[PDB]
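Below is one structure, written out as structure tokens; comments come after it.
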Amino acid sequence: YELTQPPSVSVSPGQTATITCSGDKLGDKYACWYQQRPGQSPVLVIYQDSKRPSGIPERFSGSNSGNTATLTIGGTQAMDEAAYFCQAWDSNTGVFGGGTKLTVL
Amino acid sequence: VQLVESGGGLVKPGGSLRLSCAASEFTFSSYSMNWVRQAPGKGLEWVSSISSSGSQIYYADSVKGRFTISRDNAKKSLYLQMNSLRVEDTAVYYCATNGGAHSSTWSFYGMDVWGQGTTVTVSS
Amino acid sequence: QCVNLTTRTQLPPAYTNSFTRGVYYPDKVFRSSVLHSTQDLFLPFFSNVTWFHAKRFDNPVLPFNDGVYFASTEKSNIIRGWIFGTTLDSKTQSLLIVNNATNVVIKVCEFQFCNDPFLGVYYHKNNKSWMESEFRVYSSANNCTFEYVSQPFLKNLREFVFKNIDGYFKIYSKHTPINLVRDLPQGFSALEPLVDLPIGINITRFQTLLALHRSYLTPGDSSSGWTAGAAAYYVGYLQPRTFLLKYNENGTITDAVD
């Protein structure tokens, strides 16, 4: 199983970013999302395609449908410059997306 | 909980390592434990997984038959044996809690708690 | 597994009134219209049975004195099973009855039951009627003998009677629809046997197993969002009494006296 992500996305601070995750009929699975600041451990920001862990700001909204699950950052600001990894579990073996860097100008 | 990795160090290809991830609290017994590695300049990649009681063990294809995982809830620890290492296994190896106690539930949670990964360099 | 939830909630017990309930068939011989007097372990009429609520997670280790009467309102299937045993630990053989969605599994093992045993329940988005159950009951299950699998035992009031006599564990049930707001109904209904397991163990305490949803996820707590639906279960105790048990023309028990 494979997941595809764009190499990078760039948005201006305060705008809305959108990191996408396309997979083979991914919409039938649960796609969790992670955030990794440069040189730090990943932080789960979205799980079950919609739900955030406690402490993750409500501006972190994601969705899953069909073959593509997308993560959208409302009010993108300076601390959101990091790598974002889509994730799904196929045949009890998890698969991580490529990782789309987000740059906050 | 908080996880601290240990046991990752320099090794020549074909060596063997025993990674250890000792949890902060004893509620480690309730998390399925996951090993995930970040290549030095590449993206994040799953490696292995174990159920909460250790009865369900799954590996990625790139490590199947070479790695063997185990956990010891009495010592609130997670272990990864690296048998017959190759060069393409150099990474920084994270231990991440899942939350679901069995493999049928792994998809319903995420790797919420991540220990600060320990670097594994497999080279001459 | 073995996540423990109940930090400090210690609200004092509340008792309802099992009006005339927990009367079973103490025989496997069909009887026509006749008033039969039986001397067996029955739940006394109008006895104070404890009123537990699932929403306080209410998984207390309760005594199994001589046999218990278990009844749960349970508009949705959250009361999932029981962990009858003497110590509910290793070095002591214990019993576990749980039913997933389509079958009940009964096992008698040297269980290492968790302090707060229950089941996590999730509905996968591919089929919102899957109800994938995860077992948070025991940490280790080994060195054991018995294993039984059949159709599941289970606002849909559901009543049970577990009594452990001379090596047989006997289970009775009668699942009936209920519209009453909070407490037991007044009408008479006779429980009839489900199984008769050749267990042969020592049972002195028992604990029920809830089906809790994981509503939210704080990163490291494991005890964050285990919401517990909405249900209530009712635990009474059997005592040796002599009923006069009236059988219908069709062989059914329509009334009784204590």
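Each chain in the structure tokens gets a letter, A, B and so on, in the order shown; residues start at 1 in every chain, and ligands are counted from 1 in the order they appear.
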Which residues of chain A come within 12 Å of chain C, and what is each one's closest atom pair and distance in Å (one decimal), counting only C-alpha atoms, sorted by chain and residue number, as CSV?
```
residue,atom,partner,partner_atom,distance
A:25,CA,C:126,CA,11.3
A:26,CA,C:126,CA,10.9
A:27,CA,C:126,CA,8.7
A:28,CA,C:126,CA,5.5
A:29,CA,C:125,CA,7.4
A:30,CA,C:125,CA,7.9
A:31,CA,C:125,CA,11.3
A:42,CA,C:219,CA,11.9
A:43,CA,C:219,CA,9.0
A:44,CA,C:219,CA,8.1
A:45,CA,C:219,CA,10.0
A:46,CA,C:217,CA,10.4
A:47,CA,C:217,CA,9.2
A:48,CA,C:125,CA,9.3
A:49,CA,C:125,CA,10.3
A:50,CA,C:216,CA,11.3
A:51,CA,C:216,CA,7.8
A:52,CA,C:217,CA,7.8
A:53,CA,C:217,CA,5.1
A:54,CA,C:218,CA,4.7
A:55,CA,C:218,CA,7.7
A:56,CA,C:218,CA,9.7
A:64,CA,C:125,CA,10.6
A:65,CA,C:125,CA,10.9
A:66,CA,C:126,CA,11.5
```
Give me the residues of chain B that have any atom at most 10 Å from an atom of chain A; for each, the nearest atom pair and the distance in Å, rounded to one decimal. Use only C-alpha atoms, sort by chain and number, and format it as a tab-separated table.
```
residue	atom	partner	partner_atom	distance
B:34	CA	A:94	CA	9.6
B:36	CA	A:96	CA	9.6
B:38	CA	A:41	CA	9.8
B:42	CA	A:98	CA	8.6
B:43	CA	A:98	CA	5.9
B:44	CA	A:96	CA	6.5
B:45	CA	A:96	CA	5.8
B:46	CA	A:94	CA	6.3
B:47	CA	A:94	CA	8.6
B:48	CA	A:93	CA	8.1
B:49	CA	A:93	CA	8.0
B:56	CA	A:92	CA	9.7
B:57	CA	A:92	CA	9.4
B:58	CA	A:93	CA	6.6
B:59	CA	A:93	CA	6.9
B:60	CA	A:93	CA	6.5
B:61	CA	A:93	CA	9.1
B:94	CA	A:41	CA	8.0
B:96	CA	A:42	CA	9.4
B:102	CA	A:92	CA	9.9
B:103	CA	A:92	CA	6.1
B:104	CA	A:92	CA	7.5
B:105	CA	A:92	CA	9.2
B:106	CA	A:89	CA	7.4
B:107	CA	A:89	CA	5.6
B:108	CA	A:48	CA	6.2
B:109	CA	A:47	CA	6.3
B:110	CA	A:47	CA	5.8
B:111	CA	A:44	CA	6.5
B:112	CA	A:44	CA	5.3
B:113	CA	A:43	CA	7.6
B:114	CA	A:41	CA	6.3
B:115	CA	A:41	CA	7.1
B:116	CA	A:41	CA	5.9
B:117	CA	A:41	CA	7.1
```
Saved selection, atoms kept: N, CA and C atoms, as a tab-separated table (two decimals), in the first residue's frame:
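To be explicit, this is the file written out as again-v5.tsv:
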```tsv
chain	number	residue	atom	x	y	z
B	34	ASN	N	4.71	0.91	19.12
B	34	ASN	CA	5.03	0.97	17.71
B	34	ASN	C	6.46	1.46	17.56
B	36	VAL	N	8.88	3.24	14.84
B	36	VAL	CA	8.82	4.01	13.60
B	36	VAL	C	10.16	4.70	13.44
B	38	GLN	N	12.86	7.33	11.23
B	38	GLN	CA	13.01	8.50	10.38
B	38	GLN	C	14.41	8.46	9.78
B	42	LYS	N	15.21	11.57	4.94
B	42	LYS	CA	13.99	11.13	4.28
B	42	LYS	C	12.81	11.23	5.25
B	43	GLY	N	11.64	10.79	4.78
B	43	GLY	CA	10.42	10.93	5.53
B	43	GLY	C	10.28	9.90	6.63
B	44	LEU	N	9.11	9.93	7.27
B	44	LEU	CA	8.86	9.06	8.41
B	44	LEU	C	8.33	7.72	7.91
B	45	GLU	N	8.77	6.62	8.53
B	45	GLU	CA	8.48	5.28	8.02
B	45	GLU	C	8.24	4.31	9.16
B	46	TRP	N	7.13	3.58	9.08
B	46	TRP	CA	6.77	2.60	10.10
B	46	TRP	C	7.69	1.38	10.00
B	47	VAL	N	7.96	0.74	11.13
B	47	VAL	CA	8.93	-0.35	11.21
B	47	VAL	C	8.32	-1.60	11.83
B	48	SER	N	7.72	-1.48	13.00
B	48	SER	CA	7.19	-2.64	13.70
B	48	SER	C	6.09	-2.20	14.64
B	49	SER	N	5.32	-3.18	15.12
B	49	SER	CA	4.23	-2.91	16.04
B	49	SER	C	3.98	-4.15	16.88
B	56	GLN	N	0.19	-9.81	19.51
B	56	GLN	CA	-0.02	-9.49	18.10
B	56	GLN	C	1.18	-8.68	17.62
B	57	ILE	N	2.02	-9.28	16.79
B	57	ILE	CA	3.27	-8.67	16.35
B	57	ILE	C	3.25	-8.57	14.83
B	58	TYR	N	3.45	-7.36	14.31
B	58	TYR	CA	3.47	-7.13	12.88
B	58	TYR	C	4.67	-6.28	12.52
B	59	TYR	N	5.31	-6.60	11.40
B	59	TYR	CA	6.47	-5.88	10.91
B	59	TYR	C	6.21	-5.36	9.51
B	60	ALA	N	6.97	-4.34	9.13
B	60	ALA	CA	6.98	-3.91	7.74
B	60	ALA	C	7.69	-4.96	6.90
B	61	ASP	N	7.44	-4.92	5.59
B	61	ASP	CA	8.06	-5.90	4.71
B	61	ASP	C	9.57	-5.74	4.64
B	94	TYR	N	11.99	5.78	16.62
B	94	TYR	CA	11.05	6.25	17.62
B	94	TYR	C	10.27	5.08	18.17
B	96	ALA	N	6.55	4.70	19.78
B	96	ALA	CA	5.34	5.50	19.86
B	96	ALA	C	4.19	4.64	20.37
B	102	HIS	N	-5.22	-3.88	20.78
B	102	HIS	CA	-5.09	-4.99	19.85
B	102	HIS	C	-5.05	-4.48	18.42
B	103	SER	N	-4.61	-5.37	17.53
B	103	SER	CA	-4.37	-4.97	16.14
B	103	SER	C	-5.66	-4.59	15.43
B	104	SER	N	-6.80	-5.08	15.90
B	104	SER	CA	-8.07	-4.68	15.30
B	104	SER	C	-8.43	-3.24	15.61
B	105	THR	N	-7.75	-2.62	16.57
B	105	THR	CA	-8.07	-1.28	17.04
B	105	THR	C	-7.01	-0.25	16.67
B	106	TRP	N	-5.85	-0.70	16.16
B	106	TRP	CA	-4.74	0.21	15.88
B	106	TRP	C	-5.16	1.37	14.99
B	107	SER	N	-6.08	1.12	14.05
B	107	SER	CA	-6.49	2.17	13.13
B	107	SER	C	-7.37	3.23	13.78
B	108	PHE	N	-7.96	2.95	14.94
B	108	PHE	CA	-8.88	3.88	15.57
B	108	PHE	C	-8.18	4.95	16.40
B	109	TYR	N	-6.89	4.80	16.66
B	109	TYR	CA	-6.12	5.81	17.37
B	109	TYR	C	-4.96	6.26	16.51
B	110	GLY	N	-4.10	7.08	17.10
B	110	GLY	CA	-2.88	7.51	16.46
B	110	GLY	C	-1.70	7.34	17.41
B	111	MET	N	-0.51	7.46	16.84
B	111	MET	CA	0.69	7.40	17.65
B	111	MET	C	0.84	8.70	18.43
B	112	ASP	N	0.11	8.80	19.53
B	112	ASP	CA	-0.05	10.05	20.27
B	112	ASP	C	1.18	10.44	21.08
B	113	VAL	N	1.85	9.49	21.72
B	113	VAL	CA	3.02	9.76	22.54
B	113	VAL	C	4.24	9.20	21.84
B	114	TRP	N	5.24	10.05	21.62
B	114	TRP	CA	6.46	9.67	20.93
B	114	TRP	C	7.64	9.92	21.85
B	115	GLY	N	8.46	8.89	22.05
B	115	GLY	CA	9.72	9.11	22.74
B	115	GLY	C	10.71	9.81	21.82
B	116	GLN	N	11.60	10.58	22.43
B	116	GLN	CA	12.67	11.21	21.66
B	116	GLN	C	13.56	10.13	21.06
B	117	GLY	N	13.51	10.00	19.74
B	117	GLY	CA	14.12	8.87	19.08
B	117	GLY	C	15.62	8.83	19.23
```
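Using only C-alpha atoms, the chain B residues found within 6 Å of chain C amount to residues 1, 29, 30, 52, 101, 112 and 113 of chain B.
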Long-range neighbours of stretch 22-38 of chain C as a PDB file with C-alpha atoms, in the first residue's frame, 7 Å cut-off, only C-alpha atoms, 3 positions minimum in chain:
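As written to disk, out08.pdb reads:
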```pdb
ATOM      1  CA  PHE C  42     -34.488 -17.659  44.768  1.00  0.00           C
ATOM      2  CA  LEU C  43     -34.273 -13.881  44.913  1.00  0.00           C
ATOM      3  CA  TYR C  69     -29.605 -11.878  40.137  1.00  0.00           C
ATOM      4  CA  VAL C 161     -29.423 -15.520  37.423  1.00  0.00           C
ATOM      5  CA  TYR C 172     -30.858 -18.204  33.359  1.00  0.00           C
ATOM      6  CA  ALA C 190     -39.882 -16.315  34.603  1.00  0.00           C
ATOM      7  CA  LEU C 191     -36.243 -16.706  33.616  1.00  0.00           C
ATOM      8  CA  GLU C 192     -35.366 -19.881  31.753  1.00  0.00           C
ATOM      9  CA  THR C 242     -39.479 -21.949  49.279  1.00  0.00           C
ATOM     10  CA  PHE C 243     -41.674 -20.617  46.490  1.00  0.00           C
ATOM     11  CA  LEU C 244     -45.068 -21.934  45.429  1.00  0.00           C
ATOM     12  CA  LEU C 245     -44.609 -21.781  41.694  1.00  0.00           C
ATOM     13  CA  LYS C 246     -47.736 -21.656  39.533  1.00  0.00           C
ATOM     14  CA  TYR C 247     -47.524 -23.149  36.047  1.00  0.00           C
ATOM     15  CA  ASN C 248     -49.803 -22.129  33.191  1.00  0.00           C
ATOM     16  CA  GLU C 249     -51.729 -24.498  30.947  1.00  0.00           C
ATOM     17  CA  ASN C 250     -48.838 -24.145  28.489  1.00  0.00           C
ATOM     18  CA  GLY C 251     -46.231 -24.994  31.133  1.00  0.00           C
TER      19      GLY C 251
END
```
### Selection near residue C:183, 9 Å with only C-alpha atoms, sequence-local residues under 6 positions removed, as number ranges by chain
C: 16-18, 51, 73
May I have the residues from that selection written out with N, CA and C atoms, as an mmCIF file, in the first residue's frame?
```cif
data_model
loop_
_atom_site.group_PDB
_atom_site.id
_atom_site.type_symbol
_atom_site.label_atom_id
_atom_site.label_comp_id
_atom_site.auth_asym_id
_atom_site.auth_seq_id
_atom_site.Cartn_x
_atom_site.Cartn_y
_atom_site.Cartn_z
ATOM 1 N N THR C 16 -32.729 0.032 44.435
ATOM 2 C CA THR C 16 -34.085 -0.049 43.921
ATOM 3 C C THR C 16 -34.772 -1.261 44.544
ATOM 4 N N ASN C 17 -35.950 -1.616 44.040
ATOM 5 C CA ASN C 17 -36.779 -2.655 44.644
ATOM 6 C C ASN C 17 -37.164 -3.668 43.579
ATOM 7 N N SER C 18 -36.563 -4.854 43.638
ATOM 8 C CA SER C 18 -36.929 -5.948 42.740
ATOM 9 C C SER C 18 -38.273 -6.472 43.212
ATOM 10 N N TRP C 51 -28.578 -0.452 42.685
ATOM 11 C CA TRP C 51 -28.872 0.233 41.431
ATOM 12 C C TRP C 51 -27.589 0.893 40.943
ATOM 13 N N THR C 73 -31.069 -2.513 32.396
ATOM 14 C CA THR C 73 -31.996 -1.857 31.482
ATOM 15 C C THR C 73 -31.404 -1.777 30.079
#
```
### Query
Which is closest to residue B:75 among B:6, B:98, B:24, B:119, if we use only C-alpha atoms?
B:24
### Query
Which parts of stretch 39-244 of chain C does DSSP call strand (DSSP E or B) when run on the backbone here, written out as number ranges by chain?
C: 39-42, 47-53, 62-63, 68-72, 81-82, 85, 94-99, 104-109, 113-122, 132-138, 146-150, 157-165, 168-176, 190-197, 205-206, 208-214, 226-227, 232-237, 239-244
Contacts of stretch 17-19 of chain A within 8 Å, only C-alpha atoms, excl. fewer than 2 positions in-chain, as a PDB file with N, CA, C and O atoms, in the first residue's frame:
```
ATOM      1  N   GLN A   5       1.859  12.260  -1.286  1.00  0.00           N
ATOM      2  CA  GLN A   5       1.698  13.633  -0.848  1.00  0.00           C
ATOM      3  C   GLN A   5       2.547  14.545  -1.717  1.00  0.00           C
ATOM      4  O   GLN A   5       3.578  14.120  -2.248  1.00  0.00           O
ATOM      5  N   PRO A   6       2.143  15.797  -1.882  1.00  0.00           N
ATOM      6  CA  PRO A   6       2.991  16.762  -2.573  1.00  0.00           C
ATOM      7  C   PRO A   6       4.289  16.970  -1.817  1.00  0.00           C
ATOM      8  O   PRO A   6       4.313  16.898  -0.580  1.00  0.00           O
ATOM      9  N   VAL A   9       4.255  22.444   0.375  1.00  0.00           N
ATOM     10  CA  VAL A   9       3.234  23.466   0.175  1.00  0.00           C
ATOM     11  C   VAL A   9       3.682  24.727   0.896  1.00  0.00           C
ATOM     12  O   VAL A   9       4.397  24.659   1.902  1.00  0.00           O
ATOM     13  N   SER A  10       3.270  25.882   0.379  1.00  0.00           N
ATOM     14  CA  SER A  10       3.662  27.169   0.938  1.00  0.00           C
ATOM     15  C   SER A  10       2.462  28.099   0.963  1.00  0.00           C
ATOM     16  O   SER A  10       1.785  28.269  -0.056  1.00  0.00           O
ATOM     17  N   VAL A  11       2.204  28.702   2.121  1.00  0.00           N
ATOM     18  CA  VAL A  11       1.110  29.651   2.293  1.00  0.00           C
ATOM     19  C   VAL A  11       1.616  30.836   3.104  1.00  0.00           C
ATOM     20  O   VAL A  11       2.589  30.718   3.856  1.00  0.00           O
ATOM     21  N   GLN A  15      -3.229  32.731   6.411  1.00  0.00           N
ATOM     22  CA  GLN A  15      -4.081  32.179   5.369  1.00  0.00           C
ATOM     23  C   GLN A  15      -4.511  30.766   5.754  1.00  0.00           C
ATOM     24  O   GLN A  15      -4.378  30.343   6.905  1.00  0.00           O
ATOM     25  N   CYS A  21      -3.481  14.011   0.876  1.00  0.00           N
ATOM     26  CA  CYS A  21      -2.994  12.646   1.017  1.00  0.00           C
ATOM     27  C   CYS A  21      -3.867  11.717   0.192  1.00  0.00           C
ATOM     28  O   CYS A  21      -4.982  11.385   0.604  1.00  0.00           O
ATOM     29  N   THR A  70      -7.474  15.039   3.240  1.00  0.00           N
ATOM     30  CA  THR A  70      -6.793  16.322   3.229  1.00  0.00           C
ATOM     31  C   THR A  70      -6.757  16.915   4.629  1.00  0.00           C
ATOM     32  O   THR A  70      -7.690  16.750   5.417  1.00  0.00           O
ATOM     33  N   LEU A  71      -5.664  17.606   4.929  1.00  0.00           N
ATOM     34  CA  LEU A  71      -5.525  18.357   6.164  1.00  0.00           C
ATOM     35  C   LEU A  71      -5.440  19.833   5.816  1.00  0.00           C
ATOM     36  O   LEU A  71      -4.663  20.227   4.942  1.00  0.00           O
ATOM     37  N   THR A  72      -6.244  20.642   6.496  1.00  0.00           N
ATOM     38  CA  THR A  72      -6.321  22.072   6.243  1.00  0.00           C
ATOM     39  C   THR A  72      -6.004  22.823   7.523  1.00  0.00           C
ATOM     40  O   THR A  72      -6.597  22.547   8.571  1.00  0.00           O
ATOM     41  N   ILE A  73      -5.087  23.776   7.435  1.00  0.00           N
ATOM     42  CA  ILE A  73      -4.665  24.569   8.585  1.00  0.00           C
ATOM     43  C   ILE A  73      -5.358  25.918   8.447  1.00  0.00           C
ATOM     44  O   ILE A  73      -5.041  26.709   7.557  1.00  0.00           O
ATOM     45  N   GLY A  74      -6.315  26.192   9.328  1.00  0.00           N
ATOM     46  CA  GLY A  74      -6.895  27.520   9.390  1.00  0.00           C
ATOM     47  C   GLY A  74      -5.999  28.456  10.184  1.00  0.00           C
ATOM     48  O   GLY A  74      -5.448  28.093  11.222  1.00  0.00           O
ATOM     49  N   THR A  76      -2.993  29.749   9.433  1.00  0.00           N
ATOM     50  CA  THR A  76      -1.611  29.287   9.463  1.00  0.00           C
ATOM     51  C   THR A  76      -0.693  30.376   9.997  1.00  0.00           C
ATOM     52  O   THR A  76      -0.725  31.514   9.524  1.00  0.00           O
ATOM     53  N   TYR A  84       4.282  17.232   7.702  1.00  0.00           N
ATOM     54  CA  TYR A  84       2.992  16.638   8.027  1.00  0.00           C
ATOM     55  C   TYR A  84       2.858  15.300   7.325  1.00  0.00           C
ATOM     56  O   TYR A  84       2.971  15.226   6.099  1.00  0.00           O
ATOM     57  N   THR A 100       4.733  16.306   3.607  1.00  0.00           N
ATOM     58  CA  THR A 100       4.695  17.568   2.884  1.00  0.00           C
ATOM     59  C   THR A 100       5.103  18.703   3.810  1.00  0.00           C
ATOM     60  O   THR A 100       4.340  19.086   4.700  1.00  0.00           O
TER      61      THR A 100
END
```
### Message
I'd like the contact shell of residue B:19 - 8 Å cut-off, only C-alpha atoms, skipping same-chain residues fewer than 3 positions apart - returned as a list in words.
### Response
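The residues that qualify are residues 5, 6, 7, 8, 78, 79, 80 and 81 of chain B.
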Convert the current residue selection to file output with N, CA, C and O atoms, as a tab-separated table (two decimals), in the first residue's frame.
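Once written, part_14.tsv looks like this:
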```
chain	number	residue	atom	x	y	z
B	5	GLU	N	14.18	6.55	24.69
B	5	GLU	CA	14.83	5.49	23.95
B	5	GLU	C	16.27	5.32	24.42
B	5	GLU	O	16.86	6.20	25.04
B	6	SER	N	16.83	4.15	24.11
B	6	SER	CA	18.20	3.85	24.46
B	6	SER	C	18.62	2.60	23.71
B	6	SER	O	17.78	1.81	23.27
B	7	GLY	N	19.93	2.43	23.57
B	7	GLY	CA	20.48	1.29	22.88
B	7	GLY	C	20.88	1.53	21.44
B	7	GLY	O	21.45	0.63	20.82
B	8	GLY	N	20.60	2.71	20.90
B	8	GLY	CA	20.96	3.02	19.53
B	8	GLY	C	22.36	3.59	19.46
B	8	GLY	O	22.67	4.58	20.13
B	78	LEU	N	10.02	-1.46	26.16
B	78	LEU	CA	9.82	-1.97	24.82
B	78	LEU	C	11.18	-2.29	24.22
B	78	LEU	O	12.15	-1.58	24.47
B	79	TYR	N	11.25	-3.36	23.44
B	79	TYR	CA	12.53	-3.81	22.91
B	79	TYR	C	12.42	-4.11	21.42
B	79	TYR	O	11.37	-4.55	20.94
B	80	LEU	N	13.51	-3.87	20.70
B	80	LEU	CA	13.61	-4.19	19.28
B	80	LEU	C	14.98	-4.81	19.03
B	80	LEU	O	16.00	-4.14	19.19
B	81	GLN	N	15.00	-6.08	18.65
B	81	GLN	CA	16.23	-6.73	18.22
B	81	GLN	C	16.44	-6.47	16.74
B	81	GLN	O	15.53	-6.65	15.93
```
### Pick from A:63, A:24, A:37, A:103, whichever lies nearest to residue A:2 using only C-alpha atoms
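Using only C-alpha atoms, residue A:2 sits closest to A:24.
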### Task
Can you work out the spacing between atom CA of residue C:113 and atom CA of residue B:35 in Å, to one decimal?
27.5 Å
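Shortest separation to residue B:40 among A:75, A:14, A:38, A:57 occurs at residue A:38, atoms counted being only C-alpha atoms.
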### Filtered DSSP result for chain A, state helix (DSSP H, G or I), as a VMD selection string
chain A and resid 26 to 28 78 to 80
### Query
Nearest to residue C:46: which of C:144, C:149, C:236, C:88 is it, counting only C-alpha atoms?
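Going through C:144, C:149, C:236, C:88 one by one, the smallest distance to residue C:46 is for C:236.
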